[PDB]
Amino acid sequence: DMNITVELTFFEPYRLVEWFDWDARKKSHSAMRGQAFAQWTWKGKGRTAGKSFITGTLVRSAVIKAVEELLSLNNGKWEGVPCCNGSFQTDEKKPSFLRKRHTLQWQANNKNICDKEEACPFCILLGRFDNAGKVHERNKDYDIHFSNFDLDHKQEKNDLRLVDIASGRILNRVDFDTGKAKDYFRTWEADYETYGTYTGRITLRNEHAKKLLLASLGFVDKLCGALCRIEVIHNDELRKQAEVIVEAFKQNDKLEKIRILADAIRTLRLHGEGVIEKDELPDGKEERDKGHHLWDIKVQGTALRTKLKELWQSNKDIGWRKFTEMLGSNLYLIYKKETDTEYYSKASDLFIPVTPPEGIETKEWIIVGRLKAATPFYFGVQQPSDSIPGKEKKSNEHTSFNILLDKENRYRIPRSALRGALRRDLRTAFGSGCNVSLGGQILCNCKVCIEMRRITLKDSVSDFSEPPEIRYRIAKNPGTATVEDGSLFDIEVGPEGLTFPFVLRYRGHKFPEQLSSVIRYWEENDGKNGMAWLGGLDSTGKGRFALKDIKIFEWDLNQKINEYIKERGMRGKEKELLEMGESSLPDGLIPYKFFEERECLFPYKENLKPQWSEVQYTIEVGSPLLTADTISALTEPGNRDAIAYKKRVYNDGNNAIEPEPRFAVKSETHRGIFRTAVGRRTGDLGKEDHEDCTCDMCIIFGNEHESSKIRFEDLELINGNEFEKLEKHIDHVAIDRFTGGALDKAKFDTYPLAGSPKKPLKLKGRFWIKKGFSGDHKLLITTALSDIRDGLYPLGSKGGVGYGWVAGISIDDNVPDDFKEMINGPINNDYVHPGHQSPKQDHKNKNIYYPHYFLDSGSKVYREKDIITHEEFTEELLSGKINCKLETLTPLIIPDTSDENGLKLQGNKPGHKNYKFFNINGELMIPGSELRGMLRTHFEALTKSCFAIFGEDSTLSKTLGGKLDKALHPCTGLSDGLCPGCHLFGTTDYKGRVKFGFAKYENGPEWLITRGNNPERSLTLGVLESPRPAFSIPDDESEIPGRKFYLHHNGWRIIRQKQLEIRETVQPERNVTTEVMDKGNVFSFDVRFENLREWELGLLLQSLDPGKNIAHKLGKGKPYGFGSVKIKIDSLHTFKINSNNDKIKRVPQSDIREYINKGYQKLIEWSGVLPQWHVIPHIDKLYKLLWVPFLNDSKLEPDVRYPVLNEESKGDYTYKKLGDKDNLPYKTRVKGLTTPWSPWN
RNA sequence: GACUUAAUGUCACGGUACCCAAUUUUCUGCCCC
Ligand SMILES: [Zn+2]
Ligand SMILES: [Zn+2]
Ligand SMILES: [Zn+2]
């Protein structure tokens, strides 16, 4: 007669679904599948407010299952009271739910046939001989009656909305044999923190089974998908502002910038509110004069930074992280607007009793530990703007994917993903099993599915609520080796090193060897490193969790069952159990001392361990490494264009993120590098479609219909504390082809890691290889690794100027050694250019020649529409590496413009810039970008290409660009073709095929002493005024003379021998003091070339070594005769793809002499024994400028100077009378500026 | 007490949001009426 009230509390996020009805439930698959979940009925008319509840029938079913288990445990008797076998068969209505399950059954000891006068306690709780059945509720005639389990005070008197209690989520069924999810389904996952308690009542009319009912209530463990214990007692305004910002950006034709702006705002949550409050955003280039290219865009008449500040001051009421997240989400949604399968399972009537053998014992095992992540994990989730549980649309893939976080933003590992990973690991360990089939009427007898019906895990959430970091992926176009437009993706990943609590329970008659094998596989003790692949980006190594601190405790459900009900099996109190002494364990629970080691288990030693084999190596980089973090450089206040990539690493010991970010090369970059290497080696790269392709690259790297067999990891930098300045500031500039000066606002900054040839960066990374590869694929992997070793694919960005050039690879000794089984005289040019001109046979005259002359070569350019691709190594085209020596004939000046006070002489004379010679980690070297433009300009004029870096929009005193011939304008796209010089070194939209390495210093005199005068072995250079494009174009009728080249002379001795005249008299603070090196040094730089044609290699080798008595001009101070480098090729190496896998072979002098001769045939072909280049009219003019008179012809010493204006130095070659039409007409001086070595007297 | 459950039968802890993508190509820190 007594009424029992029951309290139901959940310790996991439970699932709830719409209640609908029973008759109308069949019309909705979501409610039909979720009959074991909590229900939800709407209260209002707008489908926004309702009350959740749990039906009493589900709790009754759980109680019946608990009763069956308890009675079976104690040999069919409870407290000395025997029980019958029950009755679960009906036929003639029928129950609304059918069993379709094995019912635990009993043997004997029933008193008699159960009638409605002596019903056993099992019959009392089962409600067999009651007055009410399946007809209707009618009255409370039930001997046992379960009422609805409504919510509690958490509901409150406010009609709680569904959005406040539940959050929709999508779960998959991942195919084991392939790796791609077959189908998905939706559910609503309520939270257990606030709305996890349900209250109900249980009515008993017969007191014969009170003890059994209470014991069953204690024994109930799972309900509605969550572990439970039963006890007896401003987006709208943000969206509008985001669309206003998008419209303002569109008014400036900058819609593509909206994506990067949204991503930057989203990433801004990592930085504090002081970034916007104190204006800590980058200030942009000062020389640009237009402000930052993004943060200074005028939105409705106001700067973007000020607009963001106003938005923060107006919407700070919702915190900082939420504000930035909402703004980024709204901007991304507006940008996207402007631009599988759902299978909810299914719905015999066979009674299947199961009688366990007599005398057997049943025990429950508890495994507790920590799932410490070893790589940045990622648990995917649909877009929050699309979840909206309750308001889902019916029937444009997203390019931005978030991560799974709970209501407190704590990182979460759902028990769904953990259970799926455990299921697949058990499947691998067992060697058999079935793909999970839904809707079956029978329980499959699989070796895995039997074990997974008794294993229960727990939802785990970290104690870390910091925002996740965003990782970027790009799709390189194979044809042009550039970034494909509209191929940007971003994944939010968590930090590396978080610890998630891990709880596992197994209730069986014996602990299986396969489950223990899986546990030892997951555990990371000594040399195991952990292999619990948890997450959703395994192909790039995101989520290799490692079980730690494993503690196994064993119950005893035969004699110590009463303690199990009394303590509720330690459900929800596992965290305390993990870190408590064994002397305080609850009675009936003992530690498991029979847990075998990893080497003692057979399934682990055979099936689980050799599935994934790691390959680890330390990549040595002997050059700057710039990974070009694209959003961090847009947020950090350093005001730099490109910075190196860095990570955030969690530290368990300090329970916080490491204060120093870890520099590394992205695992995505590693994967792309090896994928490109393998694709180009095997020729499968560049194929039209990979929809159903089964090529080698698709086989060993996965496609849309499969999963990759190789998983990569990050390239962490270990050699990081041996530099004392890890990253060096290197800045470049674009030089006009006509004036010869900088292109005004064209400078860009780079901040890469300071890798040095003698102090190289050491990056240590690894990748896992799945078992089952044949010999061919392992050979392909080893070949790709060897290609990476030989420096074919430079790491990072700016690989064409010598950034991230690999110097070697040292594989790990333990395990990669198995795959380790698969892994003449110097060239001389004898061409002597006559170049006699005026200076020759004029020793006693001592004429004066203008320092710079203009090379005119017409307006005829041949553009090739058959652009050579980078998809594959073409057989007929050459590819290899040039190793050449650079020797200086005049003092060379390469200023280290990073620090304008390298000599620290600004104290005495402020405003006087002081640079040093370029050096990385204290050793002198020449930048590869300075050699690139030094050879490109020579090669562009040699092949009569266009003015690639010409600067238009400058007027006279109809713009220089307008005056230039239309054929010589820079090549914009690939539609019209590319110039001969624009096709080797490449332009935008086409990566160049020639890469120039850094020029280290090897031998020769160290510095220029300059005894006396200058203290710090330097030369105080004269004033270097900006070039004036008015002496060459006096009138509008005159056209652009063409390229500008500087004569070769040793006039720097005037600067050196009169140093006291410059720095003391005249030119107070507009000069420059730089360290210089004396003539006679040697520099070794490698020019890697790829897929060059037959004559393109001859032109290159002719450009590097034009012959005797010809040299190039390099470095600052060219008009003064500074930096006349003499490049000689030491050895040419050329490899080729072949079946025999022949290594790199160095071509002899005969091939080089043949290569150059074939290159000469191209030049004469375009115009229309040993070659004589001085026959072509334009080459003859070019080689006169590069002719050096003082190399061997010692008697020559031309006087090369700029004429003074007046009254400065006239000791008649003065600008006072040189532009006057009376003395020298305009048509004459232009002709005098075009012919090299024309004496101006 | 209804808005919410039928009762001699609820493996939904019966299902990883899983697979595909090099942050990147090009640019000499240059220089005279
Ligand atoms: Zn009975
Ligand atoms: Zn099965
Ligand atoms: Zn061109």
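1357 is the number that the working numbering gives the last residue of the first sequence; the numbers go up by one with no jumps. We treat Cβ as the ideally placed atom computed from N, Cα and C, and that holds for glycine.
In the DSSP annotation of this structure, the continuous segment of the beta strand (DSSP E) that includes residue 732 starts and ends at 728-737.
Within the same chain, Cβ atoms closer than 6 Å to the Cβ of residue 1040 are found at 1033 and 1117, the five residues on either side in sequence being excluded. The beta carbon of residue 1179 sits closer than 6 Å to those of 1136, all from its chain and outside the five residues before and after it, given in chain order. With a cut-off of 8 Å, the C-beta of residue 1097 is classified as near ligand 3, since at least one heavy atom of the ligand falls inside that distance. Ranking 415, 500 and 370 by CA distance to the CA of residue 446 puts 500 first. By the neighbour-count criterion, in which a residue is buried when 16 or more other Cβ atoms sit within 10 angstroms of its Cβ, residue 1127 is exposed. Separation of residue 720 and residue 568 (C-alpha to C-alpha, rounded to the nearest whole angstrom) is 18 Å.
Taken through DSSP and simplified to helix, strand or coil, residue 537 comes out as helix. Around the C-beta of residue 832, 16 or more other C-beta atoms lie within 10 Å, and the residue is accordingly described as buried. A straight line joining the alpha-carbon of residue 419 with that of residue 357 spans about 14 Å. With contacts defined by Cβ atoms closer than 9 Å, residue 1279 and residue 1058 form a contacting pair.
Pairing residue 658 with residue 494 gives a Cβ-Cβ distance under 9 Å. DSSP places residue 913 in the coil class of the three-state scheme, outside both helix and strand.
Within the DSSP secondary-structure output, residue 606 pairs in a beta bridge with 516 and 588. For residue 977, the CB falls within less than 8 Å of some heavy atom of ligand 3. Rounded to whole angstroms, the gap between the alpha carbons of residue 220 and residue 707 is 29 Å. In this structure residue 614 is buried. Its beta-carbon is surrounded by 16 or more other beta-carbon atoms within 10 angstroms. In the three-state reduction of the DSSP assignment, residue 1052 falls in the helix class, which pools H, G and I. Contact annotation, residue 954 with residue 1310: C-beta distance approximately 18 Å; criterion of less than 8 Å not satisfied. One Cα belongs to residue 321, the other to residue 307, and the distance between them is close to 36 Å. In this structure, the beta-carbon distance from residue 265 to residue 316 falls below 9 Å.
Every alpha helix (DSSP H) stretch that sits fully inside the region 1268-1336 and reaches 4 residues is listed by chain position as 1293-1301. According to the DSSP assignment, residue 1041 belongs to the beta strand (DSSP E) that extends over 1039-1042. DSSP places residue 469 in the uninterrupted beta strand (DSSP E) bounded by 468-470.
Taking a cut-off of 5 Å from the heavy atoms of ligand 1, the residues with a C-beta inside it are 200, 230, 236 and 239. Proximity to ligand 2 was defined by a C-beta distance below 5 Å to any of its heavy atoms, and the residues meeting it, in sequence along the chain, are 550, 560, 562 and 565.
Scanning its chain for C-beta atoms nearer than 7 Å, with the 5 sequence neighbours on each side dropped, one finds around residue 201 the residues 221 and 222, in chain order. In terms of side-chain proximity, the C-beta atom of residue 1094 is found nearer than 8 Å to a non-hydrogen atom of ligand 3.
Distance from residue 995 to residue 1205 at the Cβ level is roughly 6 Å; contact confirmed, criterion being Cβ atoms closer than 8 Å. Of 396, 1218 and 735, the smallest CA-CA separation from residue 926 is found for 735. It is roughly 10 Å from the alpha-carbon of residue 270 to the alpha-carbon of residue 281. The three-state reading of DSSP puts residue 778 in strand, counting E and B together.
With a threshold of 8 Å, the Cβ atom of residue 1053 does not count as near ligand 3, since no heavy atom of the ligand is closer than that. Non-local C-beta neighbours of residue 649 in its own chain, meaning closer than 7 Å and more than five positions away in sequence, comprise 537, 659 and 660, ordered along the chain.
Buried is the label assigned to residue 492, since at least 16 other Cβ atoms lie within 10 Å of its Cβ. Rounded to the nearest angstrom, the Cβ distance from residue 1290 to residue 959 is 23 Å, too far for a contact under 8 Å.
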